[PDB]
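> Please see the structure below; I have some questions.
Note that each Cβ is placed from the backbone with ideal geometry, even for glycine, and that neighbours are counted across all protein chains shown. The numbers here are math on the coordinates, done by the rules we state, and not lab data.
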Amino acid sequence: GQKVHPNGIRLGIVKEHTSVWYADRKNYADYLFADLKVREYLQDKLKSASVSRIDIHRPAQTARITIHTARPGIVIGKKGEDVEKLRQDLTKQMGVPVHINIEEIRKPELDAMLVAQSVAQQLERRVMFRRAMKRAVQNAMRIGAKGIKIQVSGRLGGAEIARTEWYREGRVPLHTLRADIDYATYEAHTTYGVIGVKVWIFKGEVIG
Amino acid sequence: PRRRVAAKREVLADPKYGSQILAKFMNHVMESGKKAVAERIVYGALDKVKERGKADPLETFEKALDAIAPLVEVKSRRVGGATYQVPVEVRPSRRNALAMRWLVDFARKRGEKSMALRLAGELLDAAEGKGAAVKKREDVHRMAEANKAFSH
Amino acid sequence: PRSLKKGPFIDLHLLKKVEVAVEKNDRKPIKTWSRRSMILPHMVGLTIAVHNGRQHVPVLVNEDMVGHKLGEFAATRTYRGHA
Amino acid sequence: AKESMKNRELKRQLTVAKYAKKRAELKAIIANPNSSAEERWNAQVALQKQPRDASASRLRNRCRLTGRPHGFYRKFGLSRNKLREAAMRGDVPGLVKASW
Amino acid sequence: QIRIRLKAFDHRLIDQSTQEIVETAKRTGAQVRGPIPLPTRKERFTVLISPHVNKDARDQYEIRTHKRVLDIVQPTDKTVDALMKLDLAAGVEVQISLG
Amino acid sequence: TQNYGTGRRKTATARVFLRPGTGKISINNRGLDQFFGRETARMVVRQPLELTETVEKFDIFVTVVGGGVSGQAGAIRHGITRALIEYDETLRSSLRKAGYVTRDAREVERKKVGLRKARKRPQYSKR
RNA sequence: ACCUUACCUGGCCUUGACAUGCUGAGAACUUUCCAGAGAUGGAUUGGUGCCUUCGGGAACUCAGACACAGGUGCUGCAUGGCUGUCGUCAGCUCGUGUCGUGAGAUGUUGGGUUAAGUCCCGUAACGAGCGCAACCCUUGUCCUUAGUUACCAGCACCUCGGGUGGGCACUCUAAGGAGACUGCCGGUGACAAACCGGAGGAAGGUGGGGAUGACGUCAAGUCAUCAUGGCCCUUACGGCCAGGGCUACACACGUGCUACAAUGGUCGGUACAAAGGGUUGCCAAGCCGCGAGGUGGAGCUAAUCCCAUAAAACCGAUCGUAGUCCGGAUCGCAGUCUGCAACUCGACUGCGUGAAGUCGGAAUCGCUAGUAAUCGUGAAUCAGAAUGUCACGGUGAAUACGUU
Ligand SMILES: [Mg+2]
Ligand SMILES: [Mg+2]
Ligand SMILES: [Mg+2]
Ligand SMILES: [Mg+2]
Ligand SMILES: [Mg+2]
Ligand SMILES: [Mg+2]
Ligand SMILES: [Mg+2]
Ligand SMILES: [Mg+2]
Ligand SMILES: [Mg+2]
Ligand SMILES: [Mg+2]
Ligand SMILES: [Mg+2]
Ligand SMILES: [Mg+2]
Ligand SMILES: [Mg+2]
Ligand SMILES: [Mg+2]
Ligand SMILES: [Mg+2]
Ligand SMILES: [Mg+2]
Ligand SMILES: [Mg+2]
């Protein structure tokens, strides 16, 4: 059958919301619209950079954005001629002033979004999918990662019939609420259609 | 049920008379959760019984149920090609349930002004046995001798 | 129906095309599309061609249709019969 | 959810919002008991002057990302099948799955 | 005699904010009663999950709103008027009344 | 002096105060029968009091919130039981045998998706 | 109802309602008029703008030109994502070892036991993973902190309204904890797993309900929410506007509401809920209407004001089983309200008319305890429109010997 989204079911329990603020009956819809627009725009623009988590906070009539990226050099170039243009543009979109903090993340191969994006862009370049799956799983398991599963669905190769493959290693218990299962999905556009990539990563148990 | 772990709840909430069968008859006559309606209807019926009947109405009640309870009951079992019936002794607990259900369902079918005096009428009729509930009881009883052949 | 706070309701260009019309007697049907408009006793005898969906059906107004709207005298669904 | 249709409902939004005052004044004068039949009738004429594409009844609210005419939740601004997608990612603040 | 009303979505932030403001007020020389909790508003939504016809397949979501009340007896130091940026940080709304 | 008890049953909450007296019985400053109109509620309230032959030994002042008449009657019974045991702490075994101190945990079951009632379902034609 | 809208009739446009790239003219705005069902076309006082390398430039409106833009057009049997179903059933697999020429098999069979591939014991198998269980939410007991707008045990005042002063007793509200673990006793049991009892305890045997849906199956559903490989039209399968239809009607089927009455229908006063929504909003008091409503403007960003009077239930009076003091369909006349507009085609109100229906064939359905049955209340969508969906409480049963 179908499986509930592992991030959503764990909201509040072990995961955290990506937009933390408060609003009322009037400004709530506007704030959600601004958040969705800013997130899609930021992802589309800094596609080249490996951006994973866009955290939004809203103090009184202000806004703060923090970016989790594996490559901070591109955004922080020669002492700040990039993030400032971004601040100005976001203030053009967001009526309130903005605030940017580029957060660098270590171990990119332990982040589900980055692994999914790398696998998808590899499949876009006509690379065999099994090799990509094996390389991603091995890279993840060299460090930590008490379990990882990768699934790819579509017209693999160029066959005119779709199928699903997946490779797992370690343990990935999706029915345990303590476990913080990082999860990601992405789409790779090829000449023969769309290929869907899903990544589950198991870090460990949260006790007490 | 295959498991047979389903225990039974015990109900005993007689308001003034402090009896047992009375409350179960209350539940039998209660419809759609109208417990107070059942209270007043059955108590008016019992008042009519008490004014008509010289003695107390509870022993008249139990005597009436004594003449409606079927001793044996017939139950169809298919031998695998023919539709038979088999007479069996009724479970001792089941006798009171059949008595109450039959008496209520027969008091329901009189057609006079209300069912309080209907219940009184069949309570006095069943007190010796000139009613219709006793008619059905004796019919079901005689079906057993009509089918005594199988029995085992 | 429409509350007594508002007596009539007529398309304004229809009102101008009827009020100007009465300067001379009934000589030509007036083409109308707004089925919603009320009709008073002041266009009695005039023939109005009301739009029906594919044609303008002409109807001659009399004094005995003051309380009925323009569309009631024009049928939009045919139903010639099952057989 | 054709983009022309989104454009022609957004333009309806502007047309409704851009008057925003003549409707109120005219209808208040009409609903005022003591204003004389002349100010009833001229107000009716005035209401019938302006284009029909000005009322709030003509305005059908739509999803701000897809414009799906059905399945709307006005507490948010999203449709039926984007609210869930955004919620499972945690974008909507203070939204979880309920059991009680 | 001022009163402070706190709105939040999750109790984790509101409890921390109430503890911080109570400790600051008691440390600065004010007199403070006991933090009063109000009934939490629960907004219920039920939404179809299938993109096409499956009426019995629902998803139920809930929004919780937590309300807290505090009072200041003997207002002697308005230091809390220099600490809004710290008292409220990300998702707690603070109202002050009867200044 | 006096003693106190609280009885909860079927979303009905009742507070009972027990003092010396003979059993005047006040329901929100109202007569007992003026409150319980033609029902066994009076008898079910008097059950635990009369089980210990102390109907005339005490006076009772109670208040009730929430629920229906049967729920409030059960709440009164439970509350006066908890108040009485606070006075004569040797009859706990008797009430345990009578099963009066034990609260009724039954509560209305919520409605679920795809069902009319909490457990009723549509007819399901198979063709 | 218009819109929604994707269909029909008719009218009206061609780089276009929308994006980028070239050229020219200039502000948007406000222009209070005319023709036109309307898109549209023609007058229309007013201002010539912002910043200036003072040269110029950004934005906005219109005209032309191509590359284009556009499609709810087809293919779910080319796809992603999402969903149903077997089924919340207890199963589905892998590494190493061993057996067989091999497909394969053992593990995972067997004796018990459990809701469970749960557990114990044996045992060429030894271990592991996804499932089961547990961690999450809620409900039932108690404790700590908390006392306004919530509460009122004591004290006093009281105009007898926690109304007032006042208190931190209580209920309650919401955070953190304790508690239930076959824990103790008896018997059975291969002196194992476990079962059957007992005490205590608010709760006893996963306490009650929820969320949680393994490997896969049905080329299952969706190209019309979205995205996307192909194919297709470009004066049209692309756009705009008026009306009409989706609410049609010799019939058939599914899911519902109301009844066929006396455990009822009317009349009078009468007691007790939970949950929730409200500053483009709720809309009180008063006054005028039999009536749906209208004026009015209070209080409220709300445990503070409003929606808002629960109903079935209980007491007294009447009807007397009659197609009726049942039942309300249908219809005639006159009205209220939102809406530009209630004919097609809205919801309610007043008077009058008053049908079928006497408990329903073959056949067929739901339900095991706050369950069925029955009674009312609220929210979403929404200007208006619920017998539908989701949600909350009141009263409250019968039955289960048994597995052919
Ligand atoms: Mg599109
Ligand atoms: Mg609308
Ligand atoms: Mg509940
Ligand atoms: Mg119910
Ligand atoms: Mg059927
Ligand atoms: Mg398919
Ligand atoms: Mg598919
Ligand atoms: Mg071999
Ligand atoms: Mg095998
Ligand atoms: Mg097997
Ligand atoms: Mg297992
Ligand atoms: Mg589980
Ligand atoms: Mg026991
Ligand atoms: Mg198919
Ligand atoms: Mg149209
Ligand atoms: Mg239709
Ligand atoms: Mg009648």
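> After finding the eigenvalues of the alpha carbon gyration tensor for chain D, what semi-axes result from the square roots of 5 times each, listed largest first in whole Å?
40, 17, 9
> Inside 10 Å of the C-beta atoms of B:132-139, what's the mean count of C-beta atoms belonging to other chains?
0
> Averaged over peptide E:54-64, how many Cβ atoms belonging to another chain are found within 10 Å of each residue's Cβ?
Mean number of neighbouring Cβ atoms from other chains: 5.
> Which value, to two decimals, describes the C-alpha radius of gyration of the protein assembly as shown once divided by 2.2 N^0.38 Å?
After normalising by residue count via 2.2 N^0.38 Å, the value is 1.45.
> Would you grab the residues whose amide H sits under 5 Å from the one on A:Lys203? Only those 5+ places off in sequence or on another chain, please, with H modelled 1.01 Å from N.
A:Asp180, A:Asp182
> Sticking with this one: Using the Karplus equation 6.51 cos²θ - 1.76 cosθ + 1.60 (θ = phi - 60°), what ³J(HN,Hα) coupling, rounded to whole Hz, does each residue of segment A:94-107 give in order, writing x for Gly and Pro?
6, x, 6, x, 10, 7, 10, 9, 7, 9, 8, 10, 8, 6
> Additional query: F:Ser125 to B:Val5: FRET efficiency via 1/(1 + (r/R0)^6), r the Cβ-Cβ distance, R0 45 Å, to the nearest 0.05?
So, using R0 = 45 Å, E works out to roughly 0.85.
> So if the hydrodynamic radius of chain B is defined as the Kirkwood radius over C-alpha pairs, what does Stokes-Einstein give as its diffusion coefficient at 25 °C and 0.890 mPa s, in µm² per second?
143
> Which residue, A:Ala140, A:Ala159, A:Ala132, tops the fluctuation ranking in a GNM of chain A built on C-alpha contacts under 10 Å?
Most flexible of the set in this elastic network: A:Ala159.
> Could you name the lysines whose alpha carbon sits less than 20 Å from that of B:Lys8, not counting residues in the same chain fewer than 8 places away?
B:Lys24, F:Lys97
> Which order do the peptides A:88-94, F:110-116 take when ranked by the mean count of other beta-carbon atoms within 10 Å per residue, highest first?
Going from most to least packed, we get A:88-94, F:110-116.
> Which of the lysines could a cross-linker span from A:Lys78 if the Cα-Cα distance has to be under 26 Å and same-chain partners fewer than 8 positions apart are dropped?
A:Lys45, A:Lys47, A:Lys92, A:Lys107
> Using Cα atoms only, what is the angle between the long axis of helix E:11-27 and the major principal axis of chain E, expressed in degrees (0 to 90) to the nearest 10?
0
> Something else now. Among F:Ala75, F:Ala105, F:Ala83, whose mean-square fluctuation peaks in a Gaussian network model of chain F (Cα, cutoff 10 Å)?
Maximum among the listed residues: F:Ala105.
> Using a Cα-Cα cut-off of under 13 Å, which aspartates and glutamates could be cross-linked to A:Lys198, ignoring same-chain neighbours fewer than 8 residues away?
The reachable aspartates and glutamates, counting only those whose Cα sits under 13 Å from A:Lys198, are A:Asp111, A:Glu165, A:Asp182, A:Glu187.
> Once the mean 1/r over all distinct Cα pairs of chain A is inverted, what Kirkwood radius in angstroms do you read off?
Result for chain A stands at 19.0 Å.
> While we're here: What residue among C:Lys16, C:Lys69, C:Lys24 shows peak mean-square fluctuation when chain C is described by a Gaussian network model with Cα springs under 10 Å?
Largest GNM mean-square fluctuation: C:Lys24.
> Placing +1 at every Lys and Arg Cβ and -1 at every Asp and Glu Cβ, with all other atoms neutral, what dipole size does the protein assembly as shown have around its Cα centre, in debye to the nearest 20?
Approximately 2420 debye in magnitude.
> Taking chain E, how much of its Cα-Cα pair set, in percent, is spaced more than 19 angstrom apart?
Taking all Cα-Cα pairs of chain E, the fraction more than 19 Å apart is 50 percent.
> Tell me the net charge near B:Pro15. Cut-off is 13 Å between Cβ atoms, B:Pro15 excluded, with +1 for each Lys or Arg and -1 for each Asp or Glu.
My count for the surroundings of B:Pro15 gives +3.
> Taking every pair of alpha-carbon atoms in chain F, what share in percent sits in each 5 Å bin, from 0 to the bin with the longest distance?
Spelled out per bin, shortest first, that is 2, 10, 19, 21, 15, 10, 5, 5, 4, 4, 2, 1, 1, 0, 0.
> Which entries in the list A:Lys15/D:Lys82; D:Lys2/E:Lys42; B:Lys16/F:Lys117; B:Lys109/F:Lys120; D:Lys75/D:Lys97 go over 26 Å, if you measure between the two C-alpha atoms of each?
Listed pairs above 26 Å: D:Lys2/E:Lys42; B:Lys16/F:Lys117; B:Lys109/F:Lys120.
> Quick one: Karplus J couplings for segment F:79-91, per residue in order, coefficients 6.51, -1.76, 1.60, θ = phi - 60°, nearest Hz, x for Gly and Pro?
x, 5, 5, 5, 6, 5, 5, 6, 9, 9, 5, 9, 9
> Per residue of segment F:20-28, in order, report the coupling 6.51 cos²θ - 1.76 cosθ + 1.60 (Karplus, θ = phi - 60°) as ³J(HN,Hα) in whole Hz, putting x for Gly and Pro.
Result, ordered by residue: x, x, 10, x, 5, 6, 10, 9, 6 Hz.
> If you don't mind, another one. For chain C, just list the percent of Cα-Cα distances falling in each 10 Å bin from zero outward, please.
The percentages, shortest bin first, are 16, 49, 25, 7, 2.
> Which distance in Å, rounded to a whole number, links the C-alpha centroids of segment C:1-47 and segment F:9-29?
Segment C:1-47 and segment F:9-29 have Cα centres spaced 76 Å from each other.
> Around D:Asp91, which amide H atoms from residues at least 5 apart in sequence, or from another chain, sit under 5 Å from its own amide H, with H modelled in the peptide plane?
A:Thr18
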